[PDB]
**Student:** 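Take a look at the following structure, please.
Within every chain, numbering begins at 1; the chains are lettered A, B, ... in the order of the sequence lines, protein sequences first and strands thereafter. Note that these values count all heavy atoms, side chains included, but never hydrogens, waters or copies made by symmetry.
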Amino acid sequence: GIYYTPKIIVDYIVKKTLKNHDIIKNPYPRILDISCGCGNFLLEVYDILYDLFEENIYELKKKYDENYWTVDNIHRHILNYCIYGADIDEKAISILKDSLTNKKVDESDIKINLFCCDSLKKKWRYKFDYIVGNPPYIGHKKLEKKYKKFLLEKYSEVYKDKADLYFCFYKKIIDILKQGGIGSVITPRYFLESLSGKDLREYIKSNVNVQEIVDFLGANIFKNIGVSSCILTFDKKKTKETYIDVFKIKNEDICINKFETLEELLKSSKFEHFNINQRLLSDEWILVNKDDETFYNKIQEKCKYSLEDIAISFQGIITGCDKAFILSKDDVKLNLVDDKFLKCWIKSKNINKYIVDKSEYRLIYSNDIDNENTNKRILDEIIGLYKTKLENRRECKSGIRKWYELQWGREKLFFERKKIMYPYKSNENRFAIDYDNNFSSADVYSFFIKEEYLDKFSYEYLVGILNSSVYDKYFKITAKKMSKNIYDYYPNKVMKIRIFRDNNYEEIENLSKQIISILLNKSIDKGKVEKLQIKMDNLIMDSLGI
DNA sequence: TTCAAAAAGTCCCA
DNA sequence: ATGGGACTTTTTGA
Ligand SMILES: CC(C)(C)OC(=O)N1CCC(CCCNc2ncnc3c2ncn3[C@@H]2O[C@H](CO)[C@@H](O)[C@H]2O)CC1
Ligand SMILES: [K+]
Ligand SMILES: [K+]
């Protein structure tokens, strides 16, 4: 559970907080890392501080105690008054203690301010000038349940529902940061857009001044780690300034060590830079350049409806054990199952633009099985092969579900109707019309149009605009970026997409029906579909005035 | 009773 | 062996 931050990022974060520190004015800066590990950040802090003191050793000697300020005394002064570290791992602190001690060449047994503790429970006796480092990330599934109760009770300002452990480290860092202090950390990027991060975003915006945000998007910063990273730099300085430097990466395929320093990367064409007024941040942080802000605001103002206004959204089936209930449509065991129980089953990859692939899997809607005596063959030979795992599901342990029932079987009538489906994680907008009463797991989301909006919006019109290049860019402006070429397509953002209705409605709908007709042909003239899409994008851009 | 969010994703291969 | 690409379960708080 120890993750190594790349050196180029560590050096950037330390320089970000210390490069303009006035060591003459304050020769006693407290620099802290509350998840210091073996000292990836703190050992670099020592080097930066040592050069800082040695460069002004004669100025300090003249201004202050001239016997105290010598070069030979810098090592002791840094460890006594400047470097602070905390980490839950006892071995890590022991290694870091040796590394700090070995920075020089017993004399007086210098004390080092290293604490082996839970940084979220430690009674911190004072505040700190500078805080740097890389907190632990633990999501809602992997976090220990007894610990979560403590977080939900004591960190409720930032931690509710499906929040993450690193939310609480943001709160702790902000709380123990001195007035006028500077904090700089690398964390997952997801809180910038996620629904769970709403409270954390409010806490940051209303308690610190966010100096800078470096968004690496889907770039792989930690080798062999499936996480997407950002660097946040904030202060508690009294300033009329309210603008954030945002550095957004332009190419996710880059390797982080192109230059000797990170700031060479940021100033280069590999990144784009723009400013955001912190006072203009709503509960959402829309961090885009001026052209995209103009683009986004044009669509928002022009569109009088949202998907949430006109549609009913729902998540797919959650069986709780797919292997027990999902079978290949050619499996001989389906001869045991009455066709009244079988539903068509698709995965996220089966969703294309405008249409769904033919299903290859079947779902046993086991909720319709009355008792274990009438359909013993289905239970004994198919579902019962996983009875132990099925019995461990939460609702089976409480008795709410029978061991053979689907955990969250939803309502069949919601799936057995004309509806629009889209994958939950995709590189692009892929909204399809489902004609085949397809069921799916939670990797596919569905919606249908409310009865009172059927005379204003058709499914054919909706998939037309939703799959357009305009709406692909439009959705991605606020979408949750997960990994390289993957965005979350979840209702908490998809249903906030705004839609319009104007004079181009009939032609847009007609072009969509032509596309659907071609896509359903045996000899798909796939080429003409692209041309029809280009014409539709022109109509949509004409409609939205972009 | 029953919804929907959550990548220190997961897994495979050249 | 690693790095990159294809693809995505069920646990969980509310
Ligand atoms: C099952 C599993 C997920 C493994 O566990 C848990 O469900 N618990 C773990 C314990 C607590 C969390 C304690 C938080 N308080 C911590 N206080 C100080 N340092 C910490 C803390 N957590 C992690 N570090 C350090 O951060 C670095 C990560 O780079 C490492 O050097 C790591 O040692 C929550 C419950
Ligand atoms: K003096
Ligand atoms: K990534």
**Student:** Only counting residues at least two apart or in another chain, list the ones meeting side-chain contact (heavy atoms from CB on, under 4.5 Å) with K402(A).
**Tutor:**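 Expected list: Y404(A), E405(A).
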**Student:** Please enumerate all residues that pass ring-ring contact (aromatic ring centres under 6.0 Å, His included) together with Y490(A), with sequence neighbours excluded.
**Tutor:**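 Partners of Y490(A) under the ring-ring contact (aromatic ring centres under 6.0 Å, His included) test: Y424(A), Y445(A).
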**Student:** Could you give the CG-to-P distance, from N485(A) to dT8(C), as a whole number of Å?
**Tutor:** 16 Å
**Student:** Apply ring-ring contact (aromatic ring centres under 6.0 Å, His included) to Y471(A) and list each qualifying residue two or more places apart in sequence or on a separate chain.
**Tutor:**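 Expected list: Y474(A).
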**Student:** When rounded to the nearest Å, what value does the distance between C1' atoms of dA14(C) and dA8(B) take?
**Tutor:**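 Approximately 26 Å lies between the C1' atom of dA14(C) and that of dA8(B).
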**Student:** Counting Watson-Crick and G-U wobble pairs whose two distances are both under 3.5 Å, find the runs of 3 or more in a row that involve DNA chain B.
**Tutor:**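 Consecutive-pair runs (3 or more) involving DNA chain B: B:2-6 with C:10-14, B:9-14 with C:2-7.
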**Student:** Between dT10(B) and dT12(C), how far apart are the P atoms? Round to whole Å, please.
**Tutor:** 13 Å
**Student:** Looking across every strand, which nucleic acid part, if any, lies under 4.0 Å from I486(A) by heavy atom: base, sugar-phosphate, or nothing?
**Tutor:** base
**Student:** In a check of salt bridge (charged side-chain N to carboxylate O under 4.0 Å, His left out) between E284(A) and each of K198(A), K493(A), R201(A), which one passes?
**Tutor:** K493(A)
**Student:** Using a 4.0 Å cut-off on protein heavy atoms (strictly under), produce a 5'-to-3' string for nucleotides 1-6 of chain B with B for base contact, S for backbone-only sugar-phosphate contact, and - for none.
**Tutor:** -BBBBB
**Student:** By side-chain contact (heavy atoms from CB on, under 4.5 Å), which residues pair with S348(A), not counting sequence neighbours?
**Tutor:**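 Checked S348(A) against side-chain contact (heavy atoms from CB on, under 4.5 Å); matches are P423(A), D443(A), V444(A).
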**Student:** Would you measure the distance from the P atom in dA7(B) across to the matching atom in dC7(C) and give it in whole Å?
**Tutor:**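 Approximately 22 Å lies between the P atom of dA7(B) and that of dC7(C).
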**Student:** Rounding to an integer number of angstrom, what distance separates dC12(B) and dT10(C) when you compare their P atoms?
**Tutor:**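 Pairwise P distance, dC12(B) against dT10(C), rounds to 16 Å.
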**Student:** Any carboxylate oxygen within less than 4.0 angstrom of a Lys/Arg side-chain nitrogen, looking at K476(A) and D472(A)?
**Tutor:** yes
**Student:** Whole angstrom is fine here: how far is it from NZ in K481(A) over to P in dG9(B)?
**Tutor:**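 Taking NZ of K481(A) and P of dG9(B), I get 18 Å after rounding.
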**Student:** Without decimals, in angstroms, what is the distance between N392(A) CG and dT11(C) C1'?
**Tutor:** 12 Å
